[PDB]
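Asks: This one is an experimental structure. Sequence first:
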Amino acid sequence: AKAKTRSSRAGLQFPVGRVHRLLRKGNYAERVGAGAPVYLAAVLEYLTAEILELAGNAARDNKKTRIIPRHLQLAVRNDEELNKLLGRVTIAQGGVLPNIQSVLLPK
Amino acid sequence: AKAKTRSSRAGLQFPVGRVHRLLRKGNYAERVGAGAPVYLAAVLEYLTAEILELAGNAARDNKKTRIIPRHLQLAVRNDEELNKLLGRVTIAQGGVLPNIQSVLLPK
Amino acid sequence: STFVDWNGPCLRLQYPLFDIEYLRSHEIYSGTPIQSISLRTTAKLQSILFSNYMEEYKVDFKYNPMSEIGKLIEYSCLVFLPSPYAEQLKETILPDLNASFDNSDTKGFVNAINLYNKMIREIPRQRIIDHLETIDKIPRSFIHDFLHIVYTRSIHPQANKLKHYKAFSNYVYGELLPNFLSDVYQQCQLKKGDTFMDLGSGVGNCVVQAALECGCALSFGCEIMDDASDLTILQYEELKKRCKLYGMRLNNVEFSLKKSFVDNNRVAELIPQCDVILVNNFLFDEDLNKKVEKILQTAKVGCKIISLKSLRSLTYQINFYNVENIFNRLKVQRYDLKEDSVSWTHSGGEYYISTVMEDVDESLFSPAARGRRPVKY
Amino acid sequence: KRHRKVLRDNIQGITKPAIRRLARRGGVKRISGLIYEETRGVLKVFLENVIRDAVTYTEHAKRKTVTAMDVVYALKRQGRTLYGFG
Amino acid sequence: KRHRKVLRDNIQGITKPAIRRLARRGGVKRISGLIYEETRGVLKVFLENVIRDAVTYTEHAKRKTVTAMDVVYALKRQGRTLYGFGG
Amino acid sequence: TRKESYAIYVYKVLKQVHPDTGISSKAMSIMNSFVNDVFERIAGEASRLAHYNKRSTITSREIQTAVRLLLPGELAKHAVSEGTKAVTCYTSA
Amino acid sequence: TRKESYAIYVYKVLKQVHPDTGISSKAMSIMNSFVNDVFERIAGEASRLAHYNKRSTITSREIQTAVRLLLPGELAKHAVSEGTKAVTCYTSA
Amino acid sequence: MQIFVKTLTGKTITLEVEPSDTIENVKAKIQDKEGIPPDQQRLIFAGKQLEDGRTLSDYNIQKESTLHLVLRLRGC
Amino acid sequence: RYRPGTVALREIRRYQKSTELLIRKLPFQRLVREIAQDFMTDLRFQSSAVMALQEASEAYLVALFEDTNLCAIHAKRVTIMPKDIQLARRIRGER
Amino acid sequence: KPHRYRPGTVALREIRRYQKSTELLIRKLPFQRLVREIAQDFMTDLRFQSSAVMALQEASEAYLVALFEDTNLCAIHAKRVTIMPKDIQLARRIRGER
DNA sequence: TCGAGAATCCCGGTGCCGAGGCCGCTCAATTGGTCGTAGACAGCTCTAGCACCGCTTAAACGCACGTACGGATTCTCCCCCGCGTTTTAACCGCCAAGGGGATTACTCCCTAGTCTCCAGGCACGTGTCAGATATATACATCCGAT
DNA sequence: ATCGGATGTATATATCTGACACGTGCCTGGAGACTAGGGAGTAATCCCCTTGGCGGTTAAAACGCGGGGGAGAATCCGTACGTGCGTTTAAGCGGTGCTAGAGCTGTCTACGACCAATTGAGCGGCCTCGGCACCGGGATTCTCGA
Ligand SMILES: C[S@@+](CC[C@H](N)C(=O)[O-])C[C@H]1O[C@@H](n2cnc3c(N)ncnc32)[C@H](O)[C@@H]1O
């Protein structure tokens, strides 16, 4: 009886098992389906892949090979959909996007 | 033995029993204390009493003996704390308070 | 600038605060106050009344012994000394002392102290006792700074032990500063012969301050914490020693230490005769408030209850089990805390005085009073 | 200075250059001189709200140390969701 | 007229007087001529968001009627809790 | 199927505060939705507080802290006074 | 005791998308908090959907609807496609 | 002699008695004037609850005096 | 003939003290259905749902126009212009 | 005379400098003292885990930066480059904080 | 200041339909048992938050110059209000058909529970290199003189 | 506009260092394998509420025409804040020690879940009348042009 992790079955990197345990332990419902944690882990993996891909692009643009909070802030705020998802979110040590209003620049 | 409602025990009009059943069926926690539904029912009764007192004052001031949504809107918004509590809330058929800015009044 | 606000409020004495008979019957001081030098270039200060006692202070501009010395000398020039000595002492030492303190002149400060001691040692003691007998008013800050001297001697060396309270919402220690105490005592009209109770006295600042600046026939203080109890004992002993040093009479002060006022025989039997009751209920939880209500059931008429939070829960009513209750007979008056009124914060807030009436208060019957604070378009 | 070292106003500690830098980060070119006191008031109000929520959370936990996760929860309650502290 | 009456734009159905009334309730003394198109677009965006959420709820419930509870939940999701229609 | 609501209880509270004043059906639904909204708000906050402390129980302490967090200012104080009074009356029975 | 987190999984996704890019501990904590926040959002929305339909279980359908409600636009479409792919692959084997 | 009674709802009720009138008769007049059940009525004068068996003259009621009524809504 | 702004103030007073829906029912219902036809399934829109949508939309637009009027007065004007609405929605975080 | 930049140039230089950086623009100790003071209203002597003060500073600086962005939008809307207290009041009123 | 002219408020009478009270009839709350376990209390550990001191120097603070933009005044003009007439289409009350939302009933697959196995991932430890910082300087930008 | 001077700032090389990434123990959470209940899918039926359309009526909308009042532009004042520079403050770093408060572990006792019998509170249906909505008319209160 070889053990094969559910993340391996789903082809996911994220922990299907831990997601199932967290769904069960959070009292989100009386019971949690078998396909729910796979689906949620896949969603989390996709969003993490998006954030890290944009952040890695930002880090490469800065000639840096380590994603720092600033790179996460640039990746989040320079993309409209991620910004709207993370509109009410503050990223520590993220800073602000470089923008100066047109009227403020010299004529 | 004769049944005695827990609302009667606590001197509350609101349904301590229904509040307990809603807390249990709401998956808010695995267990629910015995004093929790009493406390929550008392709080709900208090807020209802406050809003109904203010709404009845509004209706009396408007020479009406029946509370309508407009009176609830006036009661909620004319009070700072209730308005802040219900700041993000829309009351149907409430309208808005009479407020005209001093700039807009004729000279 | 001066150490003492010479134009500050001047409390009027309503009882013989300065024990003249003791001062005339005793000229050698036998008490042993906690010395300032032992707390942790030295200067010796000479006691104005008793020749035999010198107080040593670690004088170095590198607890502020210098500020205390300045305050003590200024109060002596203001309170303890008659004319023409008061004017001479005012003109001679005080400008040099203030200049030295502002400029941090250690040598000048010590020289000023020495000149003060030399000039005092020739003054007749009988004249000082006569002036103390004749006095009827003294600065409001004098009792405050005297109590602060006693506090620094007693509480500061073990102040950290006051932070051993284990809870967040009960048994928490916080003091009410002496200015607020004088304000509320003046508001409550404490007078000689009255009884003062303090429920939860902490280190006993309120009890001793009432006993001093109001002449209460009995100032009572109940405390449960062992650390606060030991500190109360130390502070009271230091206070007795210092009061003997200055000749000030200390009225009867009683403490019930290391035992709660709840279900306490002494508190229960003293409540009926109590004339003022101070209960710092800022973080008293609801059950302790109910226990305080149970204790205050036996309170008499006219007894005023000071507190930081209202004794009555703000939605308190009368339906069944309140016709016989004391809280129905309370006129509650809210007032605003001034800045620097409490020790735990500088901001302030509110505090209530609840006066026990013969009849039920008419405020709660009006629904306007019960509201938190017309409604029309 | 009784049992606790009571702090003085310390809202001037949020000094005029600091508010100027905060404004400059926001893209502010010019600043009225009355911005500084009003911004100090706004900051004091916001911090009072967040710290009151955080100390309430600490009070429930029967703790006396305001953990960072309490502040994160207090900010999440206000819709100010903060990342990087758990 | 193929199989179902494909409705027209029907955003001009929010006529100029209706927009004037909405502004007047807001305490507006004067209204620019360009406000009408702008607030028509704003209303269209808001309705698109709320109706999209409500129809997501309805489709999840395997229903074909946008029930009033669906709209209430959609508004509650966006922080615009609506009272009087259940909840 | 029976459609439960707080209608009779809101009416009882109304007759306690204003005996001579009624309440309309639309206003009744608004008050019922208000009670449901505040109930779910307080219950969710108490659930979150129970989770944060890794506690499986919602006690009166959790609800009291939730009421402190949600209701602004004097409303929280008065609501906590009512909650404490009701729980005290209940436990002494 | 053990304090669990998605650090290793975030790092695995990072080395998948960007083989030669590292990530800092502050950025790692921010990403872990992001995963926690999104998990809480989706789980809470799925709980609300389960309750509104009087449904006691969280099926993949509930999570899919929660994703549609939460993620904006194109993100929702891609997330739903990835989740459907993952569930189909999981159920196949 | 005219006396006034105050209720929790902010109302003042005028009443006419002699000193010899008993407390139960006063409760009966409150009944026939306002409709309140007598058992729910509790009468307070000067912070002391009036006993039904006693009379008004026992408590030394003065002219133009003030009284308070309390209604037993539910109690404990 | 009343001067300009007099009937405007009278209308402000009239509509601030009244609660009836200010948008006609049927045009708004058709707008809601048109917005929903982008999902090819034919929906049915329980009438209380359409009333709820109208309530929410009118309340949202009333609050938006209050903010727009505040913005217009901030610019030392009484006429609201589309830049006022854009600023209000930008500050609110909707754009 | 000494080389002197005209008004508004060094302000733009500061804007570019501080928008491209991420360090905390409020000094650590003054903000720590402010937080501790705001907590002394509670009688208990609170400890404030060192990450908690840092998180408070992160949140407060982000909030003030967003507030000043909105304030600058308000000021530009009034045909002005100078933010004024009226601008911050308008921003907080529209946002729903007043 | 005034008077005609228009909203608006109020007074009275009539009408009506929905709030309030009553009557069954469920079925959900209450009571009373046990029984598992959550957590309250106590003891111990240990590490991190408080406090202190001293030195460096980066930032803050005050002052002075000046300039540029906020605010006030004045002018034009155009566009948006207000009113009158006509049109259009909402609203109503109505009729009918039927789509599908509740509802109940049956079946049975999926998930909670538990028990055991085991390996994935978290704590700890250690190498080493990405980034931070200093220094030196080419290069871009601002600004005053011509 | 264009040319130099001074400034700031990005490029460059070098050179640290402490935080990142990787290796390993193990242990605790994830995985495999029943078992049994009950929650959810699927099928059938009722009839509630939806659609669609109708015709009639009347309010609201649309159009068009003054015209005046507010928007926007231009001018000018002056004062309020940006920019340097010298001085002062105190934050920041960097060591040390205290000790107490958070965290973990070990009882065990109260308390809440679960289950079964009981029945009265509360909800569905149905009068029924009185508070609120409409309508006619008179009084009250701007509004504006004179
Ligand atoms: C807020 S302090 C007030 C101290 C002092 N009375 C003053 O105002 O300066 C209250 C004190 O009451 C004590 N205390 C609290 N509850 C008590 C109780 N139930 N019985 C006796 N003392 C109590 C605590 O030790 C605490 O130091």
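Replies: Good, I have the coordinates. Numbering: from 1, shown residues only, chains lettered A, B, ... in the order given.
Asks: any idea how far the residue nearest in space to the middle of chain H is from residue C:327?
Replies: By C-alpha atoms, centre = their mean, the mean C-alpha position of chain H lies nearest to residue H:43, the distance being 4.4 Å. Distance from residue H:43 to residue C:327, counting by C-beta to C-beta, to the nearest Å: 19 Å. Backbone N, C-alpha and C define where each C-beta goes, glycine included.
Asks: Quick one: residues contacting the residue nearest to the centre of chain H.
Replies: By C-beta atoms under 8 Å, 6 or more residues apart in numbering or on different chains, residue H:43 lies in contact with H:5, H:23, H:26-27, H:49-50, H:67-70.
Asks: What is the subsequent helix or strand relative to the lengthiest helix in chain F?
Replies: Secondary structure of chain F read by DSSP state H shows that its longest helix is helix F:25-52. Later in the chain than helix F:25-52, the nearest helix or strand by DSSP states H and E is strand F:57-58.
Asks: does any part of that following strand sit near chain D?
Replies: No: for strand F:57-58, no contact with chain D is found by C-beta under 8 Å from any C-beta of the partner chain; the gap never falls below 11.9 Å.
Asks: any bit of that strand sitting next to DNA strand K?
Replies: Yes: counting by C-beta under 7 Å from any atom of the strand, DNA strand K is contacted by strand F:57-58 at residue F:57.
Asks: what does that strand contact?
Replies: When contacts are defined by C-beta under 8 Å, 6+ apart, strand F:57-58 is touched by residues B:23, B:28-33, B:36, F:43, F:46-47, F:50.
Asks: That strand - which strands sit beside it in the sheet, and in what orientation?
Replies: Taking DSSP bridges as the criterion, strand F:57-58 sits next to strand B:31-32 (parallel) in its sheet.
Asks: following the strand it pairs with, which helix or strand comes up?
Replies: helix B:35-61.
Asks: if we can go back for a sec, okay, the contacts of strand F:57-58 in TSV with distance to residue C:31 and neighbour count next?
Replies: Compiled in TSV, the contacts of strand F:57-58 are given as follows (distance: C-beta to C-beta, whole Å; neighbours: other C-beta atoms under 10 Å in any protein chain shown):
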residue	distance to residue C:31	neighbour count
B:23	65	24
B:28	65	23
B:29	62	24
B:30	65	13
B:31	62	13
B:32	63	26
B:33	57	21
B:36	59	28
F:43	64	24
F:46	59	31
F:47	62	20
F:50	58	25
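Asks: roughly how far is stretch F:65-82 from the heart of the chain?
Replies: Between the centre of stretch F:65-82 and the centre of its chain there are 11 Å (C-alpha atoms, centre = their mean, to the nearest Å).
Asks: likewise stretch A:47-62?
Replies: Distance, centroid of stretch A:47-62 to centroid of chain: 10 Å (C-alpha atoms, centre = their mean).
Asks: Is it positioned near chain G?
Replies: Yes: residues of stretch A:47-62 contacting chain G under C-beta under 8 Å from any C-beta: A:47-53, A:55-56, A:59-60.
Asks: Filter those down to the buried ones.
Replies: Among the residues of stretch A:47-62 next to chain G, those classed as buried by 16 or more other C-beta atoms under 10 Å in any protein chain shown are A:47-53, A:55-56, A:59.
Asks: returning to that earlier point: pick the one among the contacts of residue H:43 closest to chain B.
Replies: residue H:70 (14.8 Å; C-beta to the nearest C-beta).
Asks: gap between that closest one and residue B:46?
Replies: 21 Å.
Asks: now residue C:349
Replies: 24 Å.
Asks: Equivalent analysis for residue C:155, please.
Replies: 43 Å.
Asks: likewise residue C:101?
Replies: For residue C:101, the distance to residue B:46 equals 58 Å [C-beta to C-beta].
Asks: So for those two, which residue has more residues nearby?
Replies: residue B:46 (25 against 21; other C-beta atoms under 10 Å in any protein chain shown).
Asks: didn't the more buried one look like it was pressed against residue F:79?
Replies: Yes: at 5.2 Å, residue B:46 counts as touching residue F:79 under the criterion of C-beta atoms under 8 Å.
Asks: Quick check: closest non-adjacent residue to the most centrally placed residue in chain F.
Replies: Centroid-nearest residue in chain F, with C-alpha atoms, centre = their mean: residue F:39, separated by 5.6 Å. Closest residue in space to residue F:39, ignoring its immediate chain neighbours: residue B:44 at 6.0 Å, by C-beta to C-beta, 6 or more residues apart in numbering or on different chains.
Asks: Can you give me the neighbour number for that neighbour?
Replies: As a measure of burial, residue B:44 has 28 neighbours, counting by other C-beta under 10 Å.
Asks: do residue C:321 as well
Replies: When neighbours are counted by other C-beta under 10 Å, residue C:321 registers 10.
Asks: and residue C:234, that's in a helix?
Replies: Yes: assessed with DSSP: H, G, I helix; E, B strand; the rest coil, residue C:234 lies in a helix.
Asks: how far away is it from residue C:205?
Replies: Counting by C-beta to C-beta - residue C:234 and residue C:205 are separated by 13 Å.
Asks: who has more neighbours, these two?
Replies: More crowded of residue C:234 and residue C:205, by other C-beta under 10 Å: residue C:205, with 25 against 19.
Asks: Contact partners for residue F:30?
Replies: B:69, B:72, B:91-92, E:83-84.
Asks: Which one of these is nearest to the ligand?
Replies: Set against the ligand, the nearest of the contacts of residue F:30 by C-beta to the nearest ligand atom is residue B:72 (41.7 Å).
Asks: I am finished for the moment; much appreciated.
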